[PDB]
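J.: Compact mmCIF, C-alpha atoms, file run-v3.txt:
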```txt
# COMPACT_ATOMS: atom_id res chain seq x y z
CA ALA A 1 0.25 5.11 -47.00
CA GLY A 2 -2.72 5.30 -44.65
CA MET A 3 -6.11 3.95 -43.61
CA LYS A 4 -7.86 2.48 -46.65
CA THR A 5 -11.06 0.53 -47.35
CA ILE A 6 -9.87 -2.66 -49.04
CA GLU A 7 -9.22 -6.35 -48.40
CA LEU A 8 -6.39 -7.77 -50.52
CA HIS A 9 -2.72 -8.74 -50.28
CA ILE A 10 -0.49 -6.11 -51.90
CA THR A 11 3.09 -6.53 -53.10
CA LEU A 12 6.25 -4.76 -51.92
CA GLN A 13 5.74 -1.26 -50.53
CA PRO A 14 5.15 1.64 -52.96
CA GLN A 15 7.78 4.38 -52.71
CA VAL A 16 8.31 4.57 -48.95
CA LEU A 17 8.15 2.05 -46.10
CA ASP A 18 4.43 1.63 -45.42
CA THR A 19 3.78 2.13 -41.71
CA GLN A 20 0.51 0.22 -42.04
CA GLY A 21 1.75 -2.27 -39.47
CA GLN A 22 3.03 0.28 -36.96
CA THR A 23 1.72 3.76 -36.17
CA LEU A 24 1.27 5.74 -39.39
CA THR A 25 0.56 8.90 -37.40
CA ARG A 26 4.34 9.32 -37.42
CA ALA A 27 4.99 8.63 -41.10
CA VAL A 28 1.61 9.67 -42.50
CA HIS A 29 2.24 13.03 -40.83
CA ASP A 30 5.10 13.56 -43.27
CA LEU A 31 3.12 12.42 -46.31
CA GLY A 32 0.22 14.70 -45.44
CA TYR A 33 -2.49 12.18 -44.57
CA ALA A 34 -3.36 13.28 -41.04
CA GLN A 35 -6.87 12.08 -41.86
CA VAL A 36 -5.63 8.60 -40.95
CA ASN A 37 -4.22 7.49 -37.60
CA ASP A 38 -4.32 4.74 -34.97
CA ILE A 39 -4.08 2.25 -37.83
CA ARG A 40 -1.71 -0.62 -37.08
CA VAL A 41 -2.15 -3.72 -39.25
CA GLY A 42 -0.30 -5.85 -41.77
CA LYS A 43 -0.84 -5.66 -45.52
CA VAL A 44 -4.59 -5.15 -45.18
CA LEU A 45 -6.72 -2.36 -43.70
CA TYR A 46 -10.34 -1.24 -43.92
CA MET A 47 -11.30 2.40 -43.36
CA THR A 48 -12.34 5.59 -45.16
CA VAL A 49 -10.65 8.98 -45.32
CA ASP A 50 -12.03 12.47 -44.70
CA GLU A 51 -12.04 13.70 -48.30
CA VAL A 52 -14.27 15.94 -50.42
CA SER A 53 -13.28 15.31 -54.04
CA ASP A 54 -15.29 12.81 -56.09
CA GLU A 55 -12.51 10.33 -56.84
CA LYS A 56 -10.39 11.17 -53.80
CA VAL A 57 -13.58 10.58 -51.82
CA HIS A 58 -11.80 7.54 -50.38
CA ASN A 59 -8.18 7.99 -49.30
CA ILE A 60 -5.21 7.38 -51.59
CA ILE A 61 -6.38 4.34 -53.54
CA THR A 62 -7.82 6.96 -55.88
CA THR A 63 -4.94 8.41 -57.88
CA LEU A 64 -2.48 9.50 -55.20
CA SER A 65 -0.90 6.04 -55.37
CA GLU A 66 -0.52 5.85 -59.15
CA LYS A 67 0.70 9.44 -58.76
CA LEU A 68 3.74 8.47 -56.69
CA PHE A 69 3.22 5.22 -54.78
CA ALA A 70 2.53 3.34 -58.02
CA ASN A 71 4.77 3.87 -61.04
CA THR A 72 3.77 3.15 -64.64
CA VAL A 73 7.15 1.42 -64.88
CA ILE A 74 5.96 -1.62 -62.93
CA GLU A 75 2.75 -0.66 -61.14
CA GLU A 76 1.02 -3.73 -59.70
CA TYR A 77 -1.01 -4.50 -56.58
CA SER A 78 -4.13 -6.19 -55.21
CA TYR A 79 -7.30 -4.64 -53.78
CA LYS A 80 -11.08 -4.91 -53.50
CA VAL A 81 -14.01 -3.24 -55.25
CA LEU A 82 -12.72 0.33 -54.93
CA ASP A 83 -12.37 3.49 -57.00
CA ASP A 84 -9.95 2.21 -59.64
CA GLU A 85 -7.14 0.26 -57.98
CA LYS A 86 -4.15 2.16 -56.60
CA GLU A 87 -3.33 1.28 -52.99
CA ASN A 88 -0.25 2.38 -51.05
CA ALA A 89 1.69 -0.24 -49.09
```
If you convert what's in this file into structure tokens, what do you get?
T.:
Amino acid sequence: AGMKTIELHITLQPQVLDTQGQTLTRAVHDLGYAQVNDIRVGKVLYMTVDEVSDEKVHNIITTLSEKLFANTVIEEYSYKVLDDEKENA
């Protein structure tokens, strides 16, 4: 998980315990999203990520989530007008 630009209530965490609430700098560091830090909020955060790709332009909402966070087995979550719709937490 990490800083994302969206405003919606998501369901249970993805694969790992989303540190959205607390300091992600600790957890995110393990995931590989150092581009996000100082973000401490409940199930809802608004912010962009330092990316270059076209789709990944944002943060993880792109595909990263559906790649691991979200599973085709029972993928489901809420978000705002963003890339496609694949948040983390």
J.: Using all atoms listed in the file, can you tell me which of A:22, A:36, A:66, A:87 comes closest to residue 2 of chain A?
T.: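 Among the listed residues, A:36 lies closest to residue 2 of chain A.
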J.: With only C-alpha atoms as the basis for distance, which of A:39, A:8, A:82, A:89 is at the shortest distance from residue 23 of chain A?
T.: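 Going through A:39, A:8, A:82, A:89 one by one, the smallest distance to residue 23 of chain A is for A:39.
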J.: Excluding residue 28 of chain A and any residue of its chain fewer than 5 positions from it, enumerate the residues within 7 Å of it, using only C-alpha atoms, and give them as a PyMOL selection string.
T.: chain A and resi 1-2+33-34
J.: Could you tell me how far atom CA of residue 37 of chain A lies from atom CA of residue 24 of chain A, in Å and to one decimal?
T.: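 Separation between atom CA of residue 37 of chain A and atom CA of residue 24 of chain A: 6.0 Å.
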J.: Separation of atom CA of residue 81 of chain A and atom CA of residue 7 of chain A, in Å?
T.: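 Atom CA of residue 7 of chain A lies 8.9 Å from atom CA of residue 81 of chain A.
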J.: Which residues are near segment 51-59 of chain A? Cut-off 8 Å, all atoms listed in the file, ignore same chain within fewer than 5 positions. Put them as a ChimeraX atom specification.
T.: /A:2-5,83
J.: Env of residue 15 of chain A: 8 Å cut, atoms = only C-alpha atoms, seq-sep filter 5 positions within chain, self excluded. Answer as a PyMOL selection string.
T.: chain A and resi 68-70
J.: At what distance in Å, to one decimal, does atom CA of residue 60 of chain A lie from atom CA of residue 40 of chain A?
T.: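 Computing the Euclidean distance for atom CA of residue 40 of chain A and atom CA of residue 60 of chain A yields 16.9 Å.
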